[PDB]
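What follows is calculated from the coordinates using simple rules that are stated; it is not laboratory data. Ideal geometry is used to build each Cβ from the backbone, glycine not excepted, and the neighbour counts take in all protein chains shown.
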Amino acid sequence: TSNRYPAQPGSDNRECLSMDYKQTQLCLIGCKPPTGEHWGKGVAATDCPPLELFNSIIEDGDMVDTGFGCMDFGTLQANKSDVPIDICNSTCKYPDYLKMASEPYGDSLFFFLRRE
Amino acid sequence: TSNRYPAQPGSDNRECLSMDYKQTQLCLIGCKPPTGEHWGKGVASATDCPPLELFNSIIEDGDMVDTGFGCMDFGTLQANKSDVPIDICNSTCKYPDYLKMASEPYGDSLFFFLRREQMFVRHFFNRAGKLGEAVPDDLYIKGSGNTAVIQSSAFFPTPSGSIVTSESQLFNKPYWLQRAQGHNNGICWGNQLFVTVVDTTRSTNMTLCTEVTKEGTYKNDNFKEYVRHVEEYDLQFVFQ
Amino acid sequence: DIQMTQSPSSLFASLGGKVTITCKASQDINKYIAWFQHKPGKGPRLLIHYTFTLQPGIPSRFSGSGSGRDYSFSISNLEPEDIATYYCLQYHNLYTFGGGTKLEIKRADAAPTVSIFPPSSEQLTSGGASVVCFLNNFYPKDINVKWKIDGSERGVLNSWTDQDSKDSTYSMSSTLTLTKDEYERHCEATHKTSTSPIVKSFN
Amino acid sequence: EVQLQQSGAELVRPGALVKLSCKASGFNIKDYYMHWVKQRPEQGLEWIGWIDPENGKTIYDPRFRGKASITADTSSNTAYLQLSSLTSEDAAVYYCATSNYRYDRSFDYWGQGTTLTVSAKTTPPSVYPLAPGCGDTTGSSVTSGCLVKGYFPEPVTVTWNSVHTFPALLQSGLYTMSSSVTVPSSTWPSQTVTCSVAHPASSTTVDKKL
């Protein structure tokens with residue numbers, strides 16, 4: 001609503017904030033572990049890090065996307081302060097539904113439900 | 001939104017606040033008293049965080065239902081008596097152990113049941129006092145100057161339970177116990193019955209006010225304020 | 001936590017000269033230091049923030065510099081309106097002011113214009129008697145006034161003004177308080193300006 | 001035009017409570033920080049505290065946490081500085097100042113100041129004229145004076161008609177202030193020269209003709 005001029009931060013203007021994440025329900029059943037997708041640091045007029053879409057096996061304990069995207073916050077956000085602490089040094093993974101559905105034998109997704 | 005640095009706490013920064021709890025409707029019918037679950041202080045074994053144990057107990061008339069802060073023993077797990085409102089701060093909130101009552105062999109607990117819970121986060125606050133488990137160093141870059149002393153990351157949310165409507169009511173409508181999912185198809189052994197009900201959709205608290213001294217002008221000290229709550233039930237049964 | 005050591009506590013230089021104030025902090029303040037100008041009866045006026053950033057309207061003759069724990073603040077081409085007390089201030093962690101520095105403008109030649117005043121008839125009616133000697137427009141501020149009722153009786157009251165911005169001179173008043181003053185009374189002013197004390201008197 | 005009007009000349013006996021005011025005009029108090037700074041006589045500036053009027057944040061130096069209850073009401077656009085159990089050391093000059101978090105320049109604007117004195121008596125002043133006797137001149141200059149003696153507390157305004165007004169000196173529980181005008185022999189005694197002395201704490205307005 002209001003963010004008038006002038007304005008320029010100092011050297012440390014971080015604040016102690018909290019939030020509630022995106023709501024996600026899902027269940028995947030199969031005889032093969034599921035395949036998830038996440039954005040990581042890939043391999044020049046900008047110093048922006050190159051983005052690459054990585055596939056990986058979703059392991060028990062991996063963080064799901066929270067509304068900040070499915071990315072490697074540990075490698076793509078170096079300041080460790082852009083997202084809350086439970087994902088700031090973790091990788092958020094989203095199920096690659098298209099890849100798991102397009103595999104020939106269909107061993108990954110016998111059945112699945114999702115509500116985001 | 002805004003909680004900038006630095007922070008200078010006191011020794012007593014508690015505030016007089018209120019909230020509306022998570023909305024919960026449920027009814028359980030059976031020939032056995034219901035079984036509820038709640039987290040309490042167990043025995044085990046390091047950090048000084050109290051060990052948590054999942055307890056089962058018979059849900060008695062008058063026990064508190066979960067309000068959005070979980071089903072736990074606030075009297076033993078929150079020693080300061082100030083982290084949750086006074087109506088649960090020295091009580092135990094119980095949640096029905098639906099899994100245990102459904103997996104029992106004879107199925108005497110749950111002939112039939114309905115449930116509708118809803119809540120959302122209204123506000124975001126943090127706790128005062130010593131943070132027992134500090135944030136590890138690999139999750140943040142240390143600050144300096146005003147940001148030299150880290151603020152408490154012991155967050156806690158306030159529930160709300162949105163809105164109540166007649167369309168979402170579970171009561172004042174007949175239930176026909178035709179075929180139960182358990183092995184007991186509505187047989188009332190022992191010639192007794194157990195009806196468990198939770199209904200937060202009628203939780204209005206009436207305000208009462210008495211006049212101690214009558215004067216031509218309003219004075220706060222001339223009145224006493226009271227809070228009362230009522231519940232009206234009318235159980236109807238058809239037996240075969 | 002953070003202390004500010006400001007040196008020196010006073011300064012003096014001729015008009016058009018340059019002065020410099022130094023502030024050393026007890027720890028690193030990350031260039032977050034400010035410099036203020038405080039005149040008597042007024043509020044402080046922010047001159048510089050962030051070590052070497054001038055405020056709008058501040059003449060370029062004011063300047064600052066430094067880093068870490070060491071900082072400085074210079075005023076070139078001194079002018080009569082610069083007579084004030086300057087403070088440094090760190091705002092990296094809370095706030096802590098320096099000790100302050102009283103700046104004075106160096107002039108010369110100024111000798112006091114001494115004038116003597118007997119107690120009025122109204123104070124003699126009230127029951128008292130205050131002889132007043134005015135020493136106007138002199139330099140430097142250090143001066144000695146010696147009251148002698150013949151031969152030399154010696155309740156004096158001395159009051160020095162600040163350094164006027166118009167003329168870089170000082171002024172002081174000496175009041176000798178007595179009661180039932182029946183012996184005829186008459187002050188001497190010893191100053192750097194003369195070889196003998198300038199004496200004004202009355203009979 | 002940013003302004004910070006501030007209360008002035010508050011004298012309270014030791015040891016009671018005092019609440020100083022400082023309401024601004026030209027900007028909203030809710031937007032910026034409200035700071036308080038102290039200055040004891042013949043001493044430097046000591047930062048007292050700061051308050052965010054948007055939510056009642058309080059930040060003090062650990063010295064002043066005891067007897068400095070600072071507040072601010074956004075409706076009145078005013079900031080308050082309350083001091084409890086006043087002592088002889090507590091008497092000083094107090095300033096309010098404006099700070100900005102989004103543009104961290106320390107202390108944007110300062111108030112004109114508040115003088116706090118602590119004692120147990122109040123008294124009106126007395127004015128005595130100062131004129132020469134036989135008088136030298138030889139046609140050049142004549143000096144006239146005005147002596148305000150015995151009053152409490154500060155301040156006292158002395159207006160004439162290059163005049164020097166000396167700072168008031170305190171002794172024996174009283175004050176004494178002088179003022180000297182210099183005008184040529186063409187004005188005295190032709191043009192009347194009236195010394196106007198005013199003391200607000202006692203509603204005193206004394207005019208003295210020389």
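Overview of values
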quantity	calculated
For region A:1-52 versus region D:131-210, the gap between their alpha-carbon centres in whole angstrom	75
Amide H contacts of B:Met64 (H built 1.01 Å from N, under 5 Å, at least 5 apart or other chain)	B:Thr92, B:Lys94
Pairs of Cα atoms farther than 29 Å apart, chain B, %	49
Environment charge at B:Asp234 (Cβ cut-off 14 Å; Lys +1, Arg +1, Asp -1, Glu -1)	-1
Counting DSSP beta bridges with both ends in the protein assembly as shown, the antiparallel % (nearest 5)	90
Computed helical MRE - 222 nm, chain A, DSSP H runs ≥ 4 contributing -39500 (n - 2.57), nearest 500	-1500 deg cm²/dmol
Cβ neighbours within 10 Å from other chains - mean over C:121-128	3
The protein assembly as shown: C-alpha gyration tensor shape, a/c 1.5 cut-off, then a/b vs b/c	prolate
Total formal charge among the other residues, if their Cβ is under 15 angstrom from that of C:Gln55, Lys/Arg +1 and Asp/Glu -1	+1
Partner chain coverage, peptide D:107-113 - average Cβ within 10 angstrom	5
Net charge, C:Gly127 excluded, C-beta distance under 15 Å - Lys, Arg +1, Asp, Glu -1	-1
Between region D:44-92 and region A:56-116, the alpha-carbon center distance in angstrom	51
Residues D:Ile48, A:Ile58 arranged by fewest to most Cβ contacts within 10 Å	A:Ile58, D:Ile48
Residue-by-residue Karplus 3J(HN,Hα) for region B:4-18, coefficients 6.51, -1.76, 1.60, Hz, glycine and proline x	6, 9, x, 10, 10, x, x, 9, 9, 10, 5, 10, 8, 10, 9
Among B:165-175, D:1-11, the order from most to least packed when residues are scored by Cβ within 10 Å on average	D:1-11, B:165-175
Exposure proxy ranking, count of Cβ atoms within 10 Å, fewest first, for D:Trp160, B:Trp176, B:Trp39	B:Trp176, D:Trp160, B:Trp39
Phi to ³J(HN,Hα) by Karplus 6.51 cos²θ - 1.76 cosθ + 1.60 over region A:99-116, Hz, x for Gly, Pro	5, 5, 7, 8, 5, x, 7, x, 7, 7, 10, 5, 5, 7, 10, 7, 8, 10
Sorted by Cβ neighbour density within 10 Å, fewest at the top, the residues B:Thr158, B:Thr213	B:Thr213, B:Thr158
Sites B:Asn3 and D:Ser162 - FRET efficiency at Förster radius 60 Å, r taken between beta-carbons, to 0.05	0.55
Average partner coverage of C:22-29, which counts Cβ from other chains inside 10 Å	1
